[PDB]
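Here the sequence shown stands for residues 1 to 149, 154 to 563, numbered as in the entry's author numbering. Worksheet: one structure, shown below.
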Amino acid sequence: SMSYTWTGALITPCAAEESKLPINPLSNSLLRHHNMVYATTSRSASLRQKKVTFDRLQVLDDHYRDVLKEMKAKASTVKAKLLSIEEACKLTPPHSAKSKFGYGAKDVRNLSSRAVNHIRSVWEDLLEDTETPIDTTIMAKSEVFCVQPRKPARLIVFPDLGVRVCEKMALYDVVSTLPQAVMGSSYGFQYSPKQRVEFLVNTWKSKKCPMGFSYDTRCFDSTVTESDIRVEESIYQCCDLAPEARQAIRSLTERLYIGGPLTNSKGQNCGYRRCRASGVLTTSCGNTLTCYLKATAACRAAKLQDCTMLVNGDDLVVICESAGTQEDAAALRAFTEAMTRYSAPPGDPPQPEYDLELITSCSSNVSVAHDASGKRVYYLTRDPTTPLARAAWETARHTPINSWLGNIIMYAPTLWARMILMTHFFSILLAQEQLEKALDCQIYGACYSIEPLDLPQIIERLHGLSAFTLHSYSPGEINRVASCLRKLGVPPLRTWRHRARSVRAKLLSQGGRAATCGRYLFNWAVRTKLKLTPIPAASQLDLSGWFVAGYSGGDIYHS
């Protein structure tokens, strides 16, 4: 059936939308070519609708049904708890969209009476109404990018805050624990950057002759079928669950997950959804499950030998035993025909890679460097264009999320993150004495509140001390970076070294947590380097739950 159906109404905005990068002295010292930095807006929604709207072809087979059974079997071992209103409430981001029922994120997190009552009723309705479609709002997402030699806005779809709290109560535990129990080590979200790189390298090294490939599904969310969603439910149904939870999962599937009406910000009726809603709690879990299912079965159909998979929602990367240049190519193609039939056509044509550094999964690739001792250290990196573009934007305008704080944390080892992202922001945070002001960044969909002063501890725990001494980066990685800088109009690395020297001096001058930031984050700025030793207060930090599960668009906030 058609992924979407439109009445004719338009996807509208609430407030005005800034699409151009301001001429700010602060952002300008970071990125000069401001005209190459844009933000998507509702004005392009139309194009995106034109791409995500199509008819889904899907033919199942024995391979598919066999992989399904296996997944169910593991599902059975899971026992999911029903969250309390209080618990689900504490999970709501402070700035989550308010309900159209006289209360907002702040009220929910505060267990206010009105909010709680409506939740109670929204919940009681999920237990009694097992059919009526549930209303969802559709909006144009606002994301920053760099022009190319422009992308249309992606469309977000979500139900009312009341429903979201109920989803958490009935499924937060399921989506936090089931992907793992089912996919085992193939479930990507359990790994921290360091751990993901560990898994990729060991896997590659364990193949007699490794062949790997990433697979890009053309608009995954619109490729997901009601059948996919119901199969996704049958898995959830294998868990031991409390009665009301079992009903909630059932009613949510029929009234929300499989599809439903779409309403713009003005209250008009835009159309109807019959595929994955990007903004629900089960979006990450379902996509990871669905994508894993289809890929596993496709892998068999294609006859790839000794496959090892890594799935992150819709992102997929496979590494296997190569047969031969030709065999591999013919097999990949067979794999794509499998996926196509399971309703997961390719966006970009899947190319078989024979060098781990060439494969790009989750927008990252492997690269090598050396620590103080010259020992080789594999780390995760990527083209820094978007990250830089967003730092600039986030510098000129106060945004809800700081993609830059997240990128530093996720790319603390990379060249650009240390030399630019760190230098630039600590520079500005000093000038505004906000080194202690907590900012909301985001990791795997989940929204975290973090104090810049903690970064050192965080980085040491998620990466290891080598993240402060990495050096001697590969030429390929250096060139991509320098190239990128010239393109955007960002000062050359030598300027950042100079700048980092200054910012460091100041940091140390302040003593305390800051003096540390300068010692560890910027030890690369000096030549008479300090011997960096484990940081005490780090291991005392609670980082449990940080790399356990993805929650893209899940409205999750545990900080």
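C-beta atoms are modelled at their ideal positions from N, C-alpha and C, and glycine is treated no differently.
Check	Outcome
According to the Cβ coordinates, are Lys-74 and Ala-185 closer than 7 Å?	yes
Going along the chain, which unbroken runs of the beta strand (DSSP E) with 3 or more residues stay wholly within the stretch 59-89?	none
How about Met-139 and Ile-160: do their beta carbons lie closer than 7 Å?	yes
What did DSSP end up calling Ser-3 once you bin it into helix, strand or coil?	coil
Let me make sure I understand the geometry here. Which of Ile-454, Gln-355, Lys-535 and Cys-14 has the alpha-carbon closest to that of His-562?	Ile-454
Quick one: using the 10 Å Cβ neighbour count with 16 as the cut-off for buried, is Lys-298 buried or exposed?	buried
For the structure I just gave you, are there three or more beta carbon pairs, one from the stretch 180-197 and one from the stretch 342-358, closer than 8 Å?	no
Please classify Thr-221: does DSSP put it in a helix, a strand, or coil?	strand
Following the continuous alpha helix (DSSP H) through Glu-230, name the residue where it begins and the one where it ends.	230-240
Fully enclosed by the stretch 300-344, which alpha helix (DSSP H) runs are 4 residues long or longer?	none
How many angstroms separate the CA atom of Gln-438 from the CA atom of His-428?	14 Å
Under 8 Å by Cβ, that's how I've got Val-315 and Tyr-296 pegged, so tell me the actual separation to the nearest angstrom.	5 Å
Rounded C-beta distance between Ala-338 and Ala-306? I'm assuming under 8 Å.	4 Å
Runs of 4 residues minimum, wholly inside the stretch 174-221: which ones carry the alpha helix (DSSP H) assignment?	197-209
Examine chain D for any beta-carbon lying closer than 7 Å to the beta-carbon of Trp-528, and answer yes or no.	Looking for chain D here will not work: only one protein chain is present.
Would you mind reading off the limits of the alpha helix (DSSP H) that contains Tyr-382?	Where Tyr-382 is concerned, there is no enclosing alpha helix (DSSP H), although the beta strand (DSSP E) it sits in stretches over 380-385.
Use the C-beta contact count for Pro-460: other C-beta atoms within 10 angstroms, 16 or more gives buried, fewer gives exposed.	buried
Tell me which same chain residues have a C-beta within less than 6 Å of the C-beta of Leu-511, skipping the five on either side of it?	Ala-518, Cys-521 and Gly-522
Measure the alpha-carbon distance for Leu-26 versus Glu-398 and round it to whole angstroms.	10 Å
Would you mind stating whether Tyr-382 and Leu-419 have Cβ atoms separated by less than 7 Å?	no
Measure how close the beta-carbons of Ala-395 and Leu-57 come, nearest whole angstrom, since I'm counting them as under 8 Å.	Contact doesn't hold; Cβ gap of about 41 Å is too wide.
How many Å lie between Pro-479 and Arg-501 at the Cα?	18 Å
Is the distance from the Cβ of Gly-493 to the Cβ of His-118 below 7 Å?	no
Identify which residue in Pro-93, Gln-514, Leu-409 and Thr-389 has its Cα closest to the Cα of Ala-486.	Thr-389
Quick one: Cα of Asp-135 to Cα of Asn-268, how far?	11 Å
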